[PDB]
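Chemist: kindly generate the corresponding structure for this input.
(10 chains, ligands or ions: 20)
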Amino acid sequence: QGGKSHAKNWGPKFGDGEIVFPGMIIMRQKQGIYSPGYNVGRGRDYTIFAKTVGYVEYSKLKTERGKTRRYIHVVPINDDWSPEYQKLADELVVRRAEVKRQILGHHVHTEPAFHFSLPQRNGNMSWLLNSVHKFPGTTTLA
Amino acid sequence: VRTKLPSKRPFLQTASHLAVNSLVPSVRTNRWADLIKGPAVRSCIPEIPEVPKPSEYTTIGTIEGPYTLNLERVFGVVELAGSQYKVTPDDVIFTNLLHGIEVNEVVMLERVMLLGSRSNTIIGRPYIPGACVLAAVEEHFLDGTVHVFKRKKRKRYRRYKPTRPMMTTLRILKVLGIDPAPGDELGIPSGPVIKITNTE
Amino acid sequence: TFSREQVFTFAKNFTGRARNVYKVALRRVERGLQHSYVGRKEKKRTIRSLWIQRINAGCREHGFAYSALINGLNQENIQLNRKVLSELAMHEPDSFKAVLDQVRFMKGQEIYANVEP
Amino acid sequence: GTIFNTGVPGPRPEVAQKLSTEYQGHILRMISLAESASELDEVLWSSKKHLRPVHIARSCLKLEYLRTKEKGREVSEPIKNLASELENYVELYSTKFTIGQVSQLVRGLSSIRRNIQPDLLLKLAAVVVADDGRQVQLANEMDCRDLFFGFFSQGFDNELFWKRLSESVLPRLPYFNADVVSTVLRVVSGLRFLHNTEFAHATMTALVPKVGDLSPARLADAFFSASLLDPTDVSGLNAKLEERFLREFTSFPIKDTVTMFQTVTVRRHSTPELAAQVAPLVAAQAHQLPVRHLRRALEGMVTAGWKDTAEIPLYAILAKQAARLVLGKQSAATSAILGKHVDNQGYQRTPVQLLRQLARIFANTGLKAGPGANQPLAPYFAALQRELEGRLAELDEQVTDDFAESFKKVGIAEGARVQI
Amino acid sequence: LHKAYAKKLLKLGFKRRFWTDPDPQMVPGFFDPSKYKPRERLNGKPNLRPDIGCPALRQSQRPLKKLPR
Amino acid sequence: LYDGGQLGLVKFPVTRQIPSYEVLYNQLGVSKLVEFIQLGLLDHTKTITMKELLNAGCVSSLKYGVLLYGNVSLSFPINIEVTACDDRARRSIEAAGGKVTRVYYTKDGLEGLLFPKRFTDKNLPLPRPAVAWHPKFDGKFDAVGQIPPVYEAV
RNA sequence: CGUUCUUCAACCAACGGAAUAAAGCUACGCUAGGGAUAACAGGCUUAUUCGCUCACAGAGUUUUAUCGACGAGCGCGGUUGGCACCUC
RNA sequence: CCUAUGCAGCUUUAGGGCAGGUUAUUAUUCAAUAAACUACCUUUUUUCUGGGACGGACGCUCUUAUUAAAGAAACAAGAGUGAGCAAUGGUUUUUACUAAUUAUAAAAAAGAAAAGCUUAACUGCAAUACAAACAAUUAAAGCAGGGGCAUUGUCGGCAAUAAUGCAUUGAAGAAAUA
RNA sequence: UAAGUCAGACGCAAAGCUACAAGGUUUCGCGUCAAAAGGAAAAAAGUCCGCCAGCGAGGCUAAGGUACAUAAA
RNA sequence: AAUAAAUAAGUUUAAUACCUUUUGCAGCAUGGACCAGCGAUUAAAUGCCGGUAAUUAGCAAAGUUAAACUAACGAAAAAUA
Ligand SMILES: [K+]
Ligand SMILES: [K+]
Ligand SMILES: [K+]
Ligand SMILES: [K+]
Ligand SMILES: [Mg+2]
Ligand SMILES: [Mg+2]
Ligand SMILES: [Mg+2]
Ligand SMILES: [Mg+2]
Ligand SMILES: [Mg+2]
Ligand SMILES: [Mg+2]
Ligand SMILES: [Mg+2]
Ligand SMILES: [Mg+2]
Ligand SMILES: [Mg+2]
Ligand SMILES: [Mg+2]
Ligand SMILES: [Mg+2]
Ligand SMILES: [Mg+2]
Ligand SMILES: [Mg+2]
Ligand SMILES: [Mg+2]
Ligand SMILES: [Mg+2]
Ligand SMILES: [Mg+2]
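Modeler: Numbering: from 1, shown residues only, chains lettered A, B, ... in the order given. Ligands and ions are numbered 1, 2, ... in the order given. Right below this line is the structure:
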């Protein structure tokens, strides 16, 4: 009788000259209307995301067969295309997290603090429990 | 966008710009608009001067004892306490509370706008220089209670606030500035004995 | 809520049960005090209307109009208000006419502090 | 992410494993992991009813670490206000601290250039020296090291305090590490009344077999102190220290090499090592050489007698480096940002005393500044004129004459600005 | 847990630290043979009966049923 | 707490893991033990037992035992007997030359250790020590505690 | 006997699904409420109904005597409807 | 007349029970058990809705009007779906090819078909974002291990937008305790 | 504020449903009422001007008015 | 809605009770004939969040209960010698 499907927000998220950080989504589209340019990626559903720190750019290209192609680019901070820019981006990522924690305040906790320790698997932290809970380092050999 | 939750986009963008500025220094170091910014001024036009006005009221002495008054044949218009009055000797007027005067004191009123008799009239534009009116302070009183009441039907709203205004009473003694018409002169003593206590 | 003493003090001049019956008098007291707030506001409008009527009647006896007088006073820098002008027309006809003649014809003799400069 | 609301950074596994544990001590970890002065203040405010002397000692020590992060500038307002509040707790618990806790307290407050009130400082000293220092025996090496340097920086010069402390520590000197002994030697040199006491000789003798374990920074300071303390080299430390420097000349950082080089020159032991000394300076001149060390390099090279060479104009680059530090100009290049060059830390006003010393040293170098269009000393004096123009109030009759002598010596006496 | 729901739980006095409670019988040297009880499996089914169930899981109290007679 | 009928709080799974019994022990840090000795509330020249810790005020109320944990830099030997210990504490004490012993006590034995006067004032013999512990606890204890501890010099 | 990990199944399609399961009559009816909501009357609307004008095609056959249409516009509140504004 | 945390009486091949009689089986010299028949006891019998009943509907996708940011309702309108594929997945080579889907101006260094080898339709983790009352739902750089095709690139299923179901209870494989 | 609210109404301007009807119904942009006294249009919730702490026989204006009713050519 | 604001005392102008309930009530929606007396978020235990103090609390009387605290990276070198 009635009914409606859940809405999908297709469209751009940033304009020309806006600053982005790695992992941020720039475009949500149902078809490949826009193609990935430099310093960007594309998901299996045609989601375009940034892969470095920089500013968003838009450009148009005319192909060999007379079709129009549209790209999305991310430009480095000072137009630095050298391979040394990657380490600068890594430092900026660490700094950005510190800025956010300072603004939010101490009472917005960003790590858990339980009365027990989480198990370790394959050298990383795991959220799955072991069959038995034991204190670390409270037993000797044999 | 459909959600009513407030957006955090401005917070996410500020954290990105702050991080870059903290680590990467800028190339420019000056701004011309700041370099030539001039001193702060009050305005860009000359100030408008004010128009002088005569003094409102001033004490000149005190009254020693009981007196009597007779009727005269002159009148005038005087501005006092924000309103105008038409006065002749032996009149009583009620005004707002006047500060700095006491009962049984004589005051001088200088904002005279009109003087008249039975043979001549003098018109001020807007004030007459060299004219004055004398009066005696008789009372500083609280007037009758005024009951202030407010209510809104069906809204559970009701307010009651009684009040008592403050006022002053004066009796006119003499009007100076215009001569009576011929044959209208008062040829006998008229007013009280005043002890002058204001010499400038 | 007003007390019995306050209610009966206000209602001492009311008619019938409105004088000595609390429930009847209380509603009559509150409605009357509401009338008084409106009454004080309207008083200032009515009195100014009466002043203008008296001034206009005096002006037209000489062949003038109220609106012409108000404009003429502002050109001469005369700042007499309507309460005073109303009283002059009723009680001081000669002075009221002198004001009209100055505004219309401007034939008054000027006065200086030094009569002989 | 997925765990927290929008804008909240995700957890750090390293921090998460510290806080999630079966053992107590939550408050201590919270203050130890604080990343800013404001964050630490909030932790103390919300835990006021449960603070103890151990918490206060750690809080004052954290001020040392926060200051280190915020380098390139003086102590900020939030740090100063936080230090003031901590002092009230020190007075409250002044009678409950242990020797170790007092040692941490003084070190943290000294690193922030905070002067403890004389009445409170006396109380803290009394705790350490009470019972003739018999409680000092139950302390580790680090506690003793921080006691000596912490109080010395504060300026406590009570003879009885130092006499008792020296007596108790004396038997343990042979068993301390090289760095700990070096710190003790520095304090002895600064305290005149201990210059010729047996304690000074005992310290020098104890350091003889531990020279090889000294760190580059402690090694440089030990050589400086030993030169003033034992000019006769009776203990042999100077001989051993010089031998190690010669063997490991290029194995130390620039700052330590400059300090040791200057000490050798003033000791009149100069040898034909200038060629080896010049190359490291030019190789690393934009970094590892602040204003103070730049002056030290000039004095050592000038005293040694090295002369400007066409291949390596060391004096010319030093003038540019000095001008850069005075002006404070920064660079946005990626290499400079990643290299953490000192010149990009910002602008820091320098004392006029250093400016006069640098100007005199450049004048004594013997190079011209004005006459030539591009002279080695041109950039320094041009920057000096600009800097002085903004601080004329600090110029007096003596300072103006001192610069005028330097300006005439270099060859600028026409009353005109430097070409550059 | 969402902030609005968490505050209500804390306001009511929720302070649990572990998923379950420790067993004092497992501490060495403190085993009491008299107070022996085989370990049981915790029940995960909430009591949702609106007549004798949890007042926080029903909107209002319902009348009780009749007894067999 | 009613949410209108959605009942969102009971849409989450249930966990049944049993926590370790050692959460019933009193925890004592090595850094706190040293502070008491430095202030003079504990005698470091003789063996330290849980009775001394209780009287000194390090431990508030004991029902099962004391767990020693943490890292500390020591300069003098310490000999301490506790019921449980981690590896960080053992290394710290042994580095200075001390000895850490894990002692096994029963319910009745622990009472005699802490309050011997409670038995002598009533002219009662002290509780007797245990013979051995269950093999399931091998690797948890080093020796069987004696109700009157044997103090030694350090 | 209990716990953890890797996984699946049934009724939940009234598809945020739980009191394990599970149909009707009351004109013999009872209580608590609503004009927040129907049946009669009033109100708004005028599709429909009715009337008038333009239109003069077509029948009568010189006549717009009389009858009378496609189509368009306007009016009425009396026909069949729509809404739920007043009163439970 | 409609609306309730509704009440009561009556009815039955609506659910459950056996507590009188009859009947069936078994046992001692007025008894015990019950998917039967009669009697009796107790419990259930949605909501939306241009009033209610009758009829219809309830999950999830695509498209139309409210213009060319997003979002936006009615028992408004026009169409799909509760799957399929051991290759129709992954990856290399060749070229007289450039389609089709429920619907649709996707796409040329891309696809489809043909030929060859394969199982990444993995194990353990994850910065940062889209969306969003919450629950859940969506995209994803990167790190370690073992692999596939290439020979230094890609693979954590399928052009994309639908093919689904919380917790509880039950069951299976393995591992750790007791 | 771990509060109250989850019955909304009309004017101008658009679209769906109805009959390019309804003081109809469903969305959407602005305003007013709701919770707003005072002035103008006849009475005047939603239109036009304009937001009331109190008193006064001072003055200037808005919308709207200026042969009588009824202030002002 | 029986009053209000004024007045030369002749009169003139302004002015559809209250409560409850509602998108909206002078309401042809609800309740009250009038007066006096009576008549409705109270107490206990526990938890959460502010304010004001004590500077651990209770017993006992040199010894015991309750609570609270208990390792995080030992990182500073400011010597015009
Ligand atoms: K349902
Ligand atoms: K009715
Ligand atoms: K209807
Ligand atoms: K009566
Ligand atoms: Mg359907
Ligand atoms: Mg009824
Ligand atoms: Mg209705
Ligand atoms: Mg309606
Ligand atoms: Mg219904
Ligand atoms: Mg969420
Ligand atoms: Mg590979
Ligand atoms: Mg793929
Ligand atoms: Mg509702
Ligand atoms: Mg609603
Ligand atoms: Mg409507
Ligand atoms: Mg309302
Ligand atoms: Mg005017
Ligand atoms: Mg008139
Ligand atoms: Mg209604
Ligand atoms: Mg009645």
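Chemist: C-alpha only now, for contacts and for neighbours.
Modeler: OK.
Chemist: can you give me how far the lengthiest helix in chain C is from the chain middle?
Modeler: Longest helix in chain C by number of residues (criterion: DSSP state H): helix C:22-61. Put simply, helix C:22-61 sits 11 Å off its chain's centre (C-alpha atoms, centre = their mean, to the nearest Å).
Chemist: from the contact counts, what lies against that helix?
Modeler: strand B:149-152, helix C:4-10, helix C:66-76, helix C:82-91 (3 or more C-alpha pairs under 8 Å, 6 or more residues apart in numbering or on different chains; DSSP states H and E).
Chemist: contact partners of the last one?
Modeler: What it means is helix C:82-91. Contacts to helix C:82-91, defined as C-alpha atoms under 8 Å, 6 or more residues apart in numbering or on different chains, come from residues B:84-86, C:48, C:51-52, C:54-55, C:58, C:95-96.
Chemist: and residue B:60, how far from residue C:116?
Modeler: Using C-alpha to C-alpha, to the nearest Å, residue B:60 is found at 31 Å from residue C:116.
Chemist: which one's more surrounded, the two?
Modeler: Neighbours were counted for residue B:60 and for residue C:116 using other C-alpha atoms under 10 Å in any protein chain shown; residue B:60 has more, 16 against 5.
Chemist: ok so, going back, what's the closest of the helices and strands packed on helix C:22-61 to residue D:55?
Modeler: strand B:149-152 (61.9 Å; C-alpha to C-alpha).
Chemist: buried sites along whichever helix or strand comes after the closest one?
Modeler: Moving toward the C-terminus from strand B:149-152, the next helix or strand (DSSP states H and E) is strand B:157-160. Residues of strand B:157-160 include none that count as buried (16 or more other C-alpha atoms under 10 Å in any protein chain shown).
Chemist: show me what strand B:157-160 is packed against.
Modeler: Strand B:157-160 sits against strand B:149-152, with contacts defined as 3+ C-alpha pairs under 8 Å, 6+ apart.
Chemist: list the buried ones in the strand it packs on?
Modeler: For strand B:149-152, by 16+ other C-alpha under 10 Å, it's residue B:149.
Chemist: direction included, what does that strand pair against?
Modeler: When pairs are called by DSSP bridges, strand B:149-152 turns out to pair with strand B:157-160 (antiparallel).
Chemist: what's the spacing between the strand it pairs with and its chain's center?
Modeler: 32 Å.
Chemist: run through who's touching the helix or strand just after that strand.
Modeler: Per DSSP H and E, the first helix or strand lying C-terminal to strand B:157-160 is strand B:166-176. Residues from elsewhere that reach strand B:166-176 (C-alpha under 8 Å, 6+ apart): B:69, B:74-76, B:87-98, B:131-143, B:191.
Chemist: pull the distance from strand B:166-176 to the chain's centre.
Modeler: 18 Å.
Chemist: tell me the helices and strands packed up against the helix or strand following that strand.
Modeler: Downstream of strand B:166-176, the next assigned helix or strand under DSSP H and E is strand B:194-196. Judged by 3+ C-alpha pairs under 8 Å, 6+ apart, strand B:194-196 is in contact with strand B:57-63.
Chemist: and the strand it packs on, what's buried?
Modeler: Residues of strand B:57-63 classed as buried by neighbour count (16+ other C-alpha under 10 Å): B:57, B:59-63.
Chemist: that strand packs against which elements?
Modeler: With contacts defined as 3+ C-alpha pairs under 8 Å, 6+ apart, strand B:57-63 has these neighbours: strand B:105-109, strand B:194-196.
Chemist: how about those in JSON lines, adding mean neighbour count?
Modeler: Formatted as JSON lines, the helices and strands packed on strand B:57-63 follow (neighbours: other C-alpha atoms under 10 Å in any protein chain shown):
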{"stretch": "strand B:105-109", "mean neighbour count": "21"}
{"stretch": "strand B:194-196", "mean neighbour count": "13"}
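Chemist: residue A:43 is nearest to which of the ones you listed?
Modeler: Per C-alpha to C-alpha, nearest to residue A:43 of these: strand B:105-109, 92.0 Å.
Chemist: rewinding a little: of all the buried residues of strand B:57-63, which comes closest to chain A?
Modeler: Closest approach between those and chain A, by C-alpha to the nearest C-alpha: residue B:57, at 63.6 Å.
Chemist: which one is the closest one nearest to, not counting chain neighbours?
Modeler: Excluding its sequence neighbours, the residue lying closest to residue B:57 (C-alpha to C-alpha, 6 or more residues apart in numbering or on different chains) is residue B:109, at 4.8 Å.
Chemist: number of nearby residues for the residue in chain A that RNA strand I sits nearest to?
Modeler: The nearest approach of chain A to RNA strand I comes at residue A:2, 11.2 Å away (C-alpha to the nearest atom of the strand). Residue A:2: 3 surrounding residues under other C-alpha under 10 Å.
Chemist: does residue D:208 touch residue D:237 like I think?
Modeler: Yes - using C-alpha atoms under 8 Å, residue D:208 is in contact with residue D:237, at 6.1 Å.
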